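Encoded as structure tokens, the structure appears first; notes follow it.
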Amino acid sequence: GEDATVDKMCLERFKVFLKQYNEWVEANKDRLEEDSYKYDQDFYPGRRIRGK
Amino acid sequence: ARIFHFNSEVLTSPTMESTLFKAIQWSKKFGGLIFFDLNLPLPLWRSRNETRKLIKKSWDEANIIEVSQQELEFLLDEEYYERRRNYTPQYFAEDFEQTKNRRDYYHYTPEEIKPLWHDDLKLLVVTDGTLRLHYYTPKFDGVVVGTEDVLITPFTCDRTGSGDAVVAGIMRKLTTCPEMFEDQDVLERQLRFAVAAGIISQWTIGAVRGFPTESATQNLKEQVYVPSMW
């Protein structure tokens, strides 16, 4: 119940990982899509979901 | 004259350019139609933009235009259509007919033709030899499926003058069938005549020597096509 609310969570290391992951995603999001378009001509299950 | 026909060769001469434009004004005054059969000479293949600027006025002065597939793709974009032709799916085809690796007979959409369209254009015909006749009108567009057989006579075949025969057949049917400009089925039926005329013209050495007659062209059209397509 209220003793299991997210504010009581002790996930500080996971929060640091989350902030670093978000920074990396924002920095590298477009380059990964460009590389996927350059290397993978067609989309297949298991490829990067790109475009619309 | 009810149809005025000319080629883009006159655009390589300034005197003939001025004379051509005066003749076009005279013909339009009397009610004639302007047939622009491009037939780009060697200089006009250097680059797309200079040729577009050179032919823009005559292009806009024409009611009927005939271009080859190569001419149209050069005028719009050569590399784009070359890339589109060479494309092959990596894993599977989108439909079964794409698995046969058949020859490409891509039909250009009127949206792609939009840069080259203008208000006085009644009919545009794109010819992939005698195999395909892509036609575009302000109301509709389509393709007429044709054929060719020069291997039937390997020692007398000569393709010179085939496009002249196709254009002449188009004009012959246009002068006597005004419903071509407004009826799609009639347009296809009459374009099959020009297809047959182009087919016969490939069977003889020499352009003038091998030009077919109306009787032979009609005979070949009725032989090649099924009776419901006549």
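Chain lettering (A, B, ...) mirrors the order of the structure tokens, residue numbering begins at 1 for each chain separately, and ligand numbering begins at 1 in order of display.
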Give me, as CSV, each residue of chain A that comes within 10 Å of chain B, together with its shortest interatomic pair and the distance in Å at one decimal, counting only C-alpha atoms, with rows ordered by chain and rising residue number.
```
residue,atom,partner,partner_atom,distance
A:40,CA,B:90,CA,8.9
A:41,CA,B:90,CA,7.0
A:42,CA,B:90,CA,6.1
A:43,CA,B:90,CA,8.7
A:44,CA,B:91,CA,7.9
```
_According to DSSP computed on the backbone, where in region 1-224 of chain B is there strand (DSSP E)? Give the residues as JSON, numbers by chain._
{"B": [3, 4, 5, 6, 7, 33, 34, 35, 36, 37, 64, 65, 66, 67, 68, 123, 124, 125, 126, 127, 128, 132, 133, 134, 135, 136, 141, 142, 143, 144, 145]}
Keeping only N, CA, C and O atoms, write the selected residues as a compact mmCIF listing (two decimals), in the first residue's frame.
```
# COMPACT_ATOMS: atom_id res chain seq x y z
N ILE B 3 -3.28 19.89 -87.96
CA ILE B 3 -2.25 19.60 -86.98
C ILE B 3 -0.93 20.15 -87.50
O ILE B 3 -0.58 19.94 -88.67
N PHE B 4 -0.21 20.86 -86.64
CA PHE B 4 1.10 21.41 -86.96
C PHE B 4 2.14 20.62 -86.18
O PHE B 4 2.10 20.58 -84.95
N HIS B 5 3.07 19.99 -86.90
CA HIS B 5 4.03 19.07 -86.31
C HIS B 5 5.44 19.60 -86.50
O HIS B 5 5.78 20.11 -87.57
N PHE B 6 6.26 19.48 -85.46
CA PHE B 6 7.65 19.91 -85.52
C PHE B 6 8.45 19.16 -84.47
O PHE B 6 7.89 18.55 -83.55
N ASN B 7 9.77 19.21 -84.61
CA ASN B 7 10.70 18.57 -83.70
C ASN B 7 11.57 19.62 -83.02
O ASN B 7 11.63 20.78 -83.43
N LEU B 33 -3.86 22.51 -84.49
CA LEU B 33 -3.27 21.95 -83.28
C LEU B 33 -1.77 21.81 -83.45
O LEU B 33 -1.27 21.53 -84.54
N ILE B 34 -1.04 22.01 -82.35
CA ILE B 34 0.41 21.99 -82.36
C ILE B 34 0.88 20.66 -81.79
O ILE B 34 0.57 20.32 -80.65
N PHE B 35 1.62 19.91 -82.60
CA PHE B 35 2.16 18.61 -82.22
C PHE B 35 3.66 18.77 -82.01
O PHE B 35 4.40 19.00 -82.97
N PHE B 36 4.11 18.65 -80.77
CA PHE B 36 5.52 18.73 -80.43
C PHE B 36 6.06 17.31 -80.24
O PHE B 36 5.80 16.67 -79.22
N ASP B 37 6.80 16.83 -81.23
CA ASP B 37 7.49 15.55 -81.16
C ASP B 37 8.95 15.87 -80.86
O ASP B 37 9.69 16.30 -81.74
N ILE B 64 -0.32 18.77 -78.36
CA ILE B 64 0.00 17.35 -78.33
C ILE B 64 1.52 17.22 -78.25
O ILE B 64 2.24 17.85 -79.02
N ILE B 65 1.99 16.40 -77.31
CA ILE B 65 3.41 16.18 -77.11
C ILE B 65 3.67 14.68 -77.08
O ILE B 65 2.95 13.93 -76.42
N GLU B 66 4.70 14.25 -77.81
CA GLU B 66 5.17 12.88 -77.77
C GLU B 66 6.63 12.89 -77.33
O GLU B 66 7.46 13.56 -77.95
N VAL B 67 6.94 12.15 -76.27
CA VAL B 67 8.30 11.99 -75.79
C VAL B 67 8.56 10.50 -75.59
O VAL B 67 7.64 9.72 -75.35
N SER B 68 9.83 10.12 -75.70
CA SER B 68 10.20 8.77 -75.34
C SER B 68 10.34 8.66 -73.83
O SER B 68 10.37 9.66 -73.11
N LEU B 123 -3.07 16.25 -74.90
CA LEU B 123 -2.66 14.85 -74.86
C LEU B 123 -1.14 14.78 -74.82
O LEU B 123 -0.47 15.40 -75.64
N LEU B 124 -0.62 14.03 -73.86
CA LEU B 124 0.80 13.71 -73.79
C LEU B 124 0.97 12.21 -73.89
O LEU B 124 0.30 11.45 -73.18
N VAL B 125 1.85 11.77 -74.78
CA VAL B 125 2.11 10.35 -75.01
C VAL B 125 3.58 10.08 -74.70
O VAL B 125 4.46 10.73 -75.27
N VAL B 126 3.83 9.14 -73.80
CA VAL B 126 5.17 8.64 -73.52
C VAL B 126 5.28 7.25 -74.11
O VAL B 126 4.47 6.37 -73.80
N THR B 127 6.28 7.04 -74.96
CA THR B 127 6.43 5.79 -75.69
C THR B 127 7.68 5.07 -75.21
O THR B 127 8.79 5.61 -75.30
N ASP B 128 7.50 3.85 -74.72
CA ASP B 128 8.61 2.94 -74.46
C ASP B 128 8.77 2.01 -75.67
O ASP B 128 8.43 0.83 -75.64
N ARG B 132 5.15 0.00 -74.84
CA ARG B 132 4.24 0.73 -73.97
C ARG B 132 3.96 2.10 -74.55
O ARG B 132 4.86 2.76 -75.09
N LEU B 133 2.71 2.54 -74.42
CA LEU B 133 2.28 3.88 -74.84
C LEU B 133 1.53 4.50 -73.66
O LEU B 133 0.33 4.31 -73.51
N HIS B 134 2.26 5.25 -72.83
CA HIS B 134 1.66 5.94 -71.70
C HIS B 134 1.05 7.25 -72.19
O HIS B 134 1.75 8.10 -72.73
N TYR B 135 -0.26 7.41 -72.00
CA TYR B 135 -0.97 8.59 -72.45
C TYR B 135 -1.50 9.36 -71.24
O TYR B 135 -1.91 8.77 -70.25
N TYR B 136 -1.46 10.69 -71.34
CA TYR B 136 -1.95 11.56 -70.28
C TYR B 136 -2.79 12.67 -70.90
O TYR B 136 -2.35 13.34 -71.84
N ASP B 141 -5.61 9.27 -67.51
CA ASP B 141 -4.31 8.80 -67.92
C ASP B 141 -4.32 7.27 -67.92
O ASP B 141 -5.17 6.65 -67.28
N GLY B 142 -3.38 6.69 -68.64
CA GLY B 142 -3.31 5.24 -68.72
C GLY B 142 -2.14 4.81 -69.57
O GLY B 142 -1.27 5.61 -69.93
N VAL B 143 -2.13 3.52 -69.90
CA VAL B 143 -1.07 2.93 -70.71
C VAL B 143 -1.71 1.95 -71.69
O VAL B 143 -2.67 1.26 -71.36
N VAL B 144 -1.18 1.93 -72.91
CA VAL B 144 -1.58 0.98 -73.94
C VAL B 144 -0.46 -0.05 -74.07
O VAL B 144 0.69 0.31 -74.36
N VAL B 145 -0.79 -1.31 -73.84
CA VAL B 145 0.20 -2.38 -73.90
C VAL B 145 0.42 -2.78 -75.35
O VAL B 145 -0.53 -3.13 -76.06
```
_When you look at residue 203 (chain B) with a cut-off of 7 Å (counting only C-alpha atoms), what residues show up, excluding the ones that are within fewer than 5 positions of it in the same chain? I need them as JSON, numbers by chain._
{"B": [150, 153, 156, 157, 158]}
*Contact residues around residue 38 (chain A) with only C-alpha atoms at 12 Å, ignoring same-chain residues under 6 positions, as a ChimeraX atom specification*: /A:31-32,48,50
The selected residues should be written to file as an mmCIF file, in the first residue's frame (atoms: C-alpha atoms).
```
data_model
loop_
_atom_site.group_PDB
_atom_site.id
_atom_site.type_symbol
_atom_site.label_atom_id
_atom_site.label_comp_id
_atom_site.auth_asym_id
_atom_site.auth_seq_id
_atom_site.Cartn_x
_atom_site.Cartn_y
_atom_site.Cartn_z
ATOM 1 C CA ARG A 31 22.468 9.051 -35.626
ATOM 2 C CA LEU A 32 21.164 5.552 -34.882
ATOM 3 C CA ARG A 48 15.309 -0.762 -35.797
ATOM 4 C CA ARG A 50 12.311 3.830 -37.970
#
```
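Take the candidates B:184, B:101, B:190, B:147 and check each one against residue 170 (chain B) using only C-alpha atoms; the shortest distance goes to B:190.
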*If you count only C-alpha atoms, which residues fall within 7 Å of residue 195 (chain B), apart from same-chain ones fewer than 4 positions away, as a ChimeraX atom specification?*
/B:130,146,166,191,199
*What separation in Å, quoted to one decimal, exists between CA of residue 189 (chain B) and CA of residue 113 (chain B)?*
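Going from CA of residue 189 (chain B) over to CA of residue 113 (chain B) covers 23.2 Å.
Proximity to residue 200 (chain B) was assessed for B:162, B:109, B:177, B:183 counting only C-alpha atoms; the smallest distance is recorded for B:162.
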*Where does DSSP see alpha helix (DSSP H) in chain A, if you list the residues as a VMD selection string?*
chain A and resid 12 to 39
Store the residues picked out above in a file with N, CA, C and O atoms, as a short mmCIF file (atom, residue, chain, number, x, y, z; two decimals), in the first residue's frame.
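Generated output (result.cif):
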```
data_model
loop_
_atom_site.label_atom_id
_atom_site.label_comp_id
_atom_site.auth_asym_id
_atom_site.auth_seq_id
_atom_site.Cartn_x
_atom_site.Cartn_y
_atom_site.Cartn_z
N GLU A 12 18.47 4.91 -6.15
CA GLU A 12 19.29 6.06 -6.54
C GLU A 12 20.26 5.70 -7.66
O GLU A 12 20.43 6.48 -8.61
N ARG A 13 20.89 4.53 -7.58
CA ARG A 13 21.78 4.09 -8.65
C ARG A 13 21.01 3.91 -9.95
O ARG A 13 21.49 4.29 -11.03
N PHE A 14 19.81 3.34 -9.87
CA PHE A 14 18.98 3.20 -11.05
C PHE A 14 18.55 4.56 -11.59
O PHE A 14 18.41 4.72 -12.80
N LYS A 15 18.34 5.54 -10.71
CA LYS A 15 18.01 6.88 -11.18
C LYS A 15 19.19 7.52 -11.92
O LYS A 15 19.00 8.21 -12.93
N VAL A 16 20.41 7.31 -11.42
CA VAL A 16 21.59 7.80 -12.13
C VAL A 16 21.70 7.13 -13.49
O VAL A 16 22.00 7.77 -14.51
N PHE A 17 21.47 5.81 -13.53
CA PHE A 17 21.48 5.11 -14.81
C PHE A 17 20.41 5.66 -15.74
O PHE A 17 20.65 5.81 -16.94
N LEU A 18 19.23 5.97 -15.21
CA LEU A 18 18.15 6.50 -16.03
C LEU A 18 18.51 7.86 -16.62
O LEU A 18 18.25 8.12 -17.80
N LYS A 19 19.09 8.74 -15.81
CA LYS A 19 19.45 10.06 -16.33
C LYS A 19 20.55 9.96 -17.38
O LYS A 19 20.49 10.63 -18.42
N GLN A 20 21.55 9.10 -17.15
CA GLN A 20 22.60 8.91 -18.15
C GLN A 20 22.03 8.29 -19.43
O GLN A 20 22.42 8.68 -20.53
N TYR A 21 21.12 7.33 -19.29
CA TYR A 21 20.50 6.71 -20.45
C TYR A 21 19.68 7.72 -21.24
O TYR A 21 19.71 7.71 -22.48
N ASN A 22 18.94 8.59 -20.55
CA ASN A 22 18.17 9.62 -21.25
C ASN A 22 19.08 10.59 -21.98
O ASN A 22 18.79 10.99 -23.11
N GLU A 23 20.19 10.99 -21.34
CA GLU A 23 21.14 11.87 -22.02
C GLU A 23 21.71 11.21 -23.27
O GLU A 23 21.78 11.82 -24.34
N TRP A 24 22.09 9.93 -23.15
CA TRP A 24 22.64 9.22 -24.30
C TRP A 24 21.60 9.08 -25.40
O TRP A 24 21.93 9.21 -26.59
N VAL A 25 20.35 8.80 -25.03
CA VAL A 25 19.29 8.65 -26.02
C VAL A 25 19.07 9.95 -26.77
O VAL A 25 18.99 9.98 -28.01
N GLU A 26 18.99 11.06 -26.04
CA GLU A 26 18.78 12.35 -26.69
C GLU A 26 19.97 12.73 -27.57
O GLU A 26 19.79 13.37 -28.60
N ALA A 27 21.18 12.33 -27.17
CA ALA A 27 22.35 12.67 -27.98
C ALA A 27 22.49 11.80 -29.22
O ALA A 27 22.97 12.28 -30.25
N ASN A 28 22.10 10.53 -29.15
CA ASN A 28 22.39 9.56 -30.20
C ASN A 28 21.16 9.08 -30.96
O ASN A 28 21.28 8.17 -31.79
N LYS A 29 19.99 9.66 -30.70
CA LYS A 29 18.76 9.12 -31.28
C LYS A 29 18.76 9.22 -32.80
O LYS A 29 18.39 8.26 -33.50
N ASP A 30 19.16 10.37 -33.34
CA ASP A 30 19.08 10.57 -34.79
C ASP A 30 20.18 9.83 -35.54
O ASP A 30 19.94 9.33 -36.65
N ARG A 31 21.37 9.75 -34.96
CA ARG A 31 22.47 9.05 -35.63
C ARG A 31 22.16 7.57 -35.79
O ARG A 31 22.50 6.97 -36.81
N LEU A 32 21.53 6.96 -34.78
CA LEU A 32 21.16 5.55 -34.88
C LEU A 32 20.16 5.33 -36.00
O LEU A 32 20.26 4.35 -36.75
N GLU A 33 19.17 6.22 -36.13
CA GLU A 33 18.20 6.10 -37.22
C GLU A 33 18.87 6.28 -38.57
O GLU A 33 18.55 5.55 -39.53
N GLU A 34 19.80 7.23 -38.68
CA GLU A 34 20.52 7.41 -39.94
C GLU A 34 21.34 6.17 -40.28
O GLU A 34 21.37 5.74 -41.44
N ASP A 35 22.01 5.58 -39.29
CA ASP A 35 22.79 4.37 -39.53
C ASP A 35 21.89 3.21 -39.94
O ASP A 35 22.25 2.41 -40.81
N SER A 36 20.71 3.09 -39.31
CA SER A 36 19.77 2.04 -39.68
C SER A 36 19.30 2.21 -41.11
O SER A 36 19.20 1.23 -41.86
N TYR A 37 18.99 3.44 -41.52
CA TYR A 37 18.60 3.69 -42.90
C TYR A 37 19.74 3.42 -43.87
O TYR A 37 19.50 2.96 -44.99
N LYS A 38 20.98 3.69 -43.46
CA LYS A 38 22.12 3.50 -44.35
C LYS A 38 22.45 2.02 -44.52
O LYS A 38 22.80 1.58 -45.63
N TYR A 39 22.36 1.24 -43.45
CA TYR A 39 22.82 -0.15 -43.48
C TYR A 39 21.71 -1.14 -43.79
O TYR A 39 21.99 -2.18 -44.40
#
```
*Nearest to residue 79 (chain B) among B:216, B:24, B:55, B:48, with distances taken over only C-alpha atoms: which residue is it?*
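Under the stated criterion, the closest residue is B:48.
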*CA of residue 148 (chain B) to CA of residue 102 (chain B), straight-line distance in Å*: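 Answer for the CA of residue 102 (chain B) to CA of residue 148 (chain B) separation: 15.9 Å.
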*In Å, rounded to a single decimal, give me how far CA of residue 230 (chain B) is from CA of residue 192 (chain B).*
8.0 Å
